[PDB]
> 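Let me give you the structure first, and then I'll get to my questions.
Atoms within a ligand are numbered from 1 in the order they appear, just like the ligands themselves. Lettering of chains follows the sequences in order, A, B, ..., and the numbering in each one begins at 1.
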Amino acid sequence: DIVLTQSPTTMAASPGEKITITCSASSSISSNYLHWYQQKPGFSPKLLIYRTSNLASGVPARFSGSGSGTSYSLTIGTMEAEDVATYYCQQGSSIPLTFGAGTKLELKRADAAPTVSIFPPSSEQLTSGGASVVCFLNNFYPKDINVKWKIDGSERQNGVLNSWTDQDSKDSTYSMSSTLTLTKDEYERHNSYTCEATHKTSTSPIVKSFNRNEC
Amino acid sequence: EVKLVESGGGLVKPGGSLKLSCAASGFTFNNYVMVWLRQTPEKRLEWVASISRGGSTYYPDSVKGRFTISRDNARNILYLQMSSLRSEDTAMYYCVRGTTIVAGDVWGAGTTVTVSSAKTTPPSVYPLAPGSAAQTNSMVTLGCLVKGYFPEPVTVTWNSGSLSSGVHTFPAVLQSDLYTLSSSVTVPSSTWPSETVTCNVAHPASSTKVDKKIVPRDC
Ligand SMILES: CCCCCc1cc(O)c2c(c1)OC(C)(C)[C@@H]1CCC(C)=C[C@@H]21
């Protein structure tokens with residue numbers, strides 16, 4: 001069965017920059033049956049390139065493709081913001097049909113620090129018997145970021161769950177959500193709750209806190 | 001406007017059965033190989049089944065014996081009959097039109113299948129307001145934490161759709177057979193609490209819709 005190995009896994013490109021991504025097959029495959037799809041976040045994949053090098057309908061001329069044998073590539077002549085997407089290669093000369101795992105293209109832009117906000121458990125939730133503490137880390141670049149929770153000034157790792165947005169279409173930044181969940185009883189055995197974000201845009205962490213007995 | 005519209009996807013138990021439909025329009029359906037693909041939660045694409053113009057079917061070993069693709073060249077409809085389902089069959093299913101060189105040139109919007117023993121559960125919707133002691137300046141950020149629902153999806157709007165800029169609604173995370181997501185909105189500091197902020201959370205599968213106004217935290 002053909003394995004298609006795409007690289008790189010993820011790639012960041014400056015506007016105007018020439019971009020080349022590669023698809024490598026486990027055995028020689030026929031080039032008339034090698035195609036590329038583009039998938040924008042929240043949309044279906046769409047045929048982008050067929051038969052190694054033929055641009056599909058609607059596809060701007062800055063795209064192209066080439067290769068033969070075990071080795072194929074897709075090139076974008078000048079990166080545009082509208083090109084932010086995951087690209088998949090696919091072979092159809094052997095059953096079972098198979099796909100590469102995709103290369104995600106992202107746009108470079110100026111560094112931007114996260115705006116950070118912490119939120120205590122609502123009374124509604126405590127009544128139910130639980131306590132979630134939420135920290136938002138919004139609109140930062142680049143995407144690498146680290147969040148540390150502390151309770152009463154000690155690091156806390158269990159009960160934390162993180163979620164990340166896709167790169168934002170309007171400003172090219174990323175955003176993150178971090179939720180620390182406790183039982184009401186445990187939440188009521190401590191006073192101070194803190195989230196700290198470490199990001200390259202500052203030499204000390206951003207720290208946001210609250211106290212269970214505040215006014 | 002060639003178009004493919006998938007329907008029938010939803011929640012089913014492991015071992016269950018489910019039939020997906022794909023309604024084709026704007027081209028001559030009887031002249032094309034038609035195909036089901038699926039995209040896993042990990043965003044991996046997988047071939048599920050093909051069917052020739054003449055009804056010859058093909059499958060990878062993963063679903064062979066379990067899924068049956070069929071077609072009705074007269075109503076212009078493609079089917080996928082699923083049975084013996086597993087959690088790993090959980091995915092978004094795409095109806096795709098095949099070409100003679102084994103590319104897919106037309107794709108539907110997709111229909112979502114969740115194979116799980118978890119029960120349908122409405123979300124609890126909690127407000128996220130800044131602590132009573134929080135300090136000011138310029139922009140405020142508020143939120144809704146939408147917790148303990150099943151299955152996907154929910155949809156959140158702010159102010160029945162009025163507020164849309166400055167929103168980040170985060171992908172859901174699953175733990176012990178339940179989903180949680182949060183959504184944040186950022187609005188001008190003077191604009192709140194003056195300008196009412198409410199999140200609206202709809203949960204189709206539960207016939208649930210709720211609204212939560214974000215009230216300032218107070219002594
Ligand atoms: C996204 C990829 C879509 C591929 C669509 C596609 C096109 C296509 O021509 C075929 C497909 C799949 O499946 C196999 C199983 C190779 C069928 C063998 C029988 C005939 C007549 C055609 C083959």
Side-chain angles (χ1 to χ4, degrees), chain A residues 1-4 6 23 25-27 29-40 43-59 65 72 74 85-103, chain B residues 2-6 20 22 24 27-40 42-71 73 76-81 91-111:
Chain A
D1 299 4
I2 311 288
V3 175
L4 304 169
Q6 286 183 245
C23 181
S26 50
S27 349
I29 71 187
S30 160
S31 61
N32 300 116
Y33 305 97
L34 193 284
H35 324 296
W36 290 85
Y37 303 83
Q38 173 192 59
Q39 188 181 24
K40 276 146 177 196
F43 291 69
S44 304
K46 102 150 203 185
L47 183 61
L48 182 76
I49 299 192
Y50 63 101
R51 234 197 319 182
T52 293
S53 70
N54 283 246
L55 305 185
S57 179
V59 179
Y72 299 81
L74 179 164
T86 293
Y87 297 78
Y88 297 92
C89 64
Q90 171 257 319
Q91 67 81 18
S93 51
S94 128
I95 290 277
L97 311 185
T98 51
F99 284 87
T103 290
Chain B
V2 309
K3 200 167 154 142
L4 300 169
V5 183
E6 302 95 343
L20 310 180
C22 172
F27 66 104
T28 174
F29 181 83
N30 88 352
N31 209 29
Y32 292 87
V33 178
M34 293 298 298
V35 153
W36 291 92
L37 309 179
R38 70 188 173 184
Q39 185 158 46
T40 75
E42 296 78 33
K43 297 308 182 208
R44 177 176 75 204
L45 287 164
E46 292 177 340
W47 176 53
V48 178
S50 323
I51 184 162
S52 70
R53 93 181 168 212
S56 291
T57 68
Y58 314 78
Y59 305 96
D61 300 343
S62 55
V63 307
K64 189 91 158 348
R66 303 190 299 120
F67 291 7
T68 308
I69 178 167
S70 64
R71 88 145 86 201
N73 274 352
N76 282 22
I77 308 179
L78 182 73
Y79 301 103
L80 187 66
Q81 175 69 52
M92 157 102 108
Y93 287 73
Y94 293 107
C95 182
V96 179
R97 184 186 85 180
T99 69
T100 56
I101 45 188
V102 191
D105 68 347
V106 178
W107 294 58
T111 187

> Considering only heavy atoms of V35(B), which atoms of ligand 1 have at least one such atom less than 4.0 Å away?
5 (C), 6 (C), 12 (C)
> Please identify which atoms of ligand 1 are closer than 4.0 Å to at least one heavy atom of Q90(A).
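So the answer, numbered in order with elements, is 2 (C).
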> Mind checking whether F99(A) and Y37(A) have parallel, tilted or perpendicular rings, split at 30° and 60°?
tilted
> Roughly how far, to the nearest 0.5 Å, is the CZ atom of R44(B) from the CD atom of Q39(B)?
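Output value for this atom pair is 11.0 Å.
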> Report, in ascending order of atom number, the atoms of ligand 1 lying under 4.0 Å from any heavy atom of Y37(A).
1 (C), 2 (C)
> Any non-hydrogen side-chain atom of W47(B) less than 4.5 Å from a side-chain atom of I95(A)?
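Heavy-atom side-chain distance check passes, below 4.5 Å.
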> Under 4.0 Å from a heavy atom of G98(B): give me the atoms of ligand 1 that qualify, with their elements.
5 (C), 7 (C)
> Check whether any side-chain heavy atom of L78(B) sits under 4.5 Å from a side-chain heavy atom of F29(B), and report yes or no.
yes
> Can you tell if the side chain of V48(B) reaches within under 4.5 Å of the side chain of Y94(B), non-hydrogen atoms only?
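Side chain of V48(B) against side chain of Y94(B), heavy atoms only: no contact under 4.5 Å found.
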> Less than 4.5 Å apart, any side-chain heavy atom of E6(B) and any of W36(B)?
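Sidechains of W36(B) and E6(B): in contact.
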> State if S56(B) counts as touching ligand 1 under the rule of any non-hydrogen atom under 4.0 Å.
no
> May I ask you to check whether over 12 heavy atoms, not counting those of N31(B), lie within 6.0 Å of atom CG?
yes
> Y58(B) to ligand 1: N or O pair under 3.5 Å?
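It does not: no N or O of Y58(B) is found under 3.5 Å from an N or O of ligand 1.
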> What are the atoms of ligand 1, with element, lying closer than 4.0 Å to any heavy atom of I95(A)?
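Numbered from 1, ligand 1 contributes 15 (C), 16 (C).
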> Go through ligand 1 atom by atom and flag the ones less than 4.0 Å from a non-hydrogen atom of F99(A).
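Near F99(A), meaning under 4.0 Å from one of its heavy atoms, ligand 1 has 1 (C).
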> For atom 4 (C) of ligand 1, find the nearest protein heavy atom and state the residue, atom name and distance (0.1 Å precision).
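Nearest neighbour among protein heavy atoms for atom 4 (C) of ligand 1, to 0.1 Å: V102(B) O, 3.7 Å.
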> Would you compute the distance between atom OG1 of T103(A) and atom CH2 of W36(A) and round it to the nearest 0.5 angstrom?
6.5 Å
> Could you check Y72(A) against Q91(A) for side-chain hydrogen bond (donor to acceptor under 3.5 Å, both in side chains), going step by step and ending with a plain yes or no?
CA-CA 11 Å; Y72(A) 299 81; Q91(A) 67 81 18; over 6 Å; no
> Is the closest N or O pair between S50(B) and ligand 1 shorter than 3.5 Å?
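Yes - when backbone and side-chain N and O of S50(B) are compared with those of ligand 1, one distance drops under 3.5 Å.
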> Applying a 4.0 Å heavy-atom criterion (strictly less than), which segment of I101(B) is in contact with ligand 1: side chain, backbone, both, or neither?
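None of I101(B) does.
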> Could you report the tightest heavy-atom contact between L4(B) and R97(B), atom names first, then the distance?
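Nearest pair, atom of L4(B) first, then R97(B): CD1-N, 3.7 Å.
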> Which of the atoms of ligand 1 are close to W47(B), meaning less than 4.0 Å from one of its heavy atoms?
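The atoms of ligand 1 under 4.0 Å from a heavy atom of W47(B) are 15 (C).
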> Please list, in number order, the atoms of ligand 1 under 4.0 Å from a heavy atom of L37(B).
1 (C)
> Given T99(B), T57(B), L45(B), which one has a non-hydrogen atom that is nearest to atom 7 (C) of ligand 1?
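Nearest heavy atom to atom 7 (C) of ligand 1 lies in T99(B).
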> Among all the protein's non-hydrogen atoms, which is closest to atom 22 (C) of ligand 1, and how far away is it?
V33(B) CG2, 3.9 Å
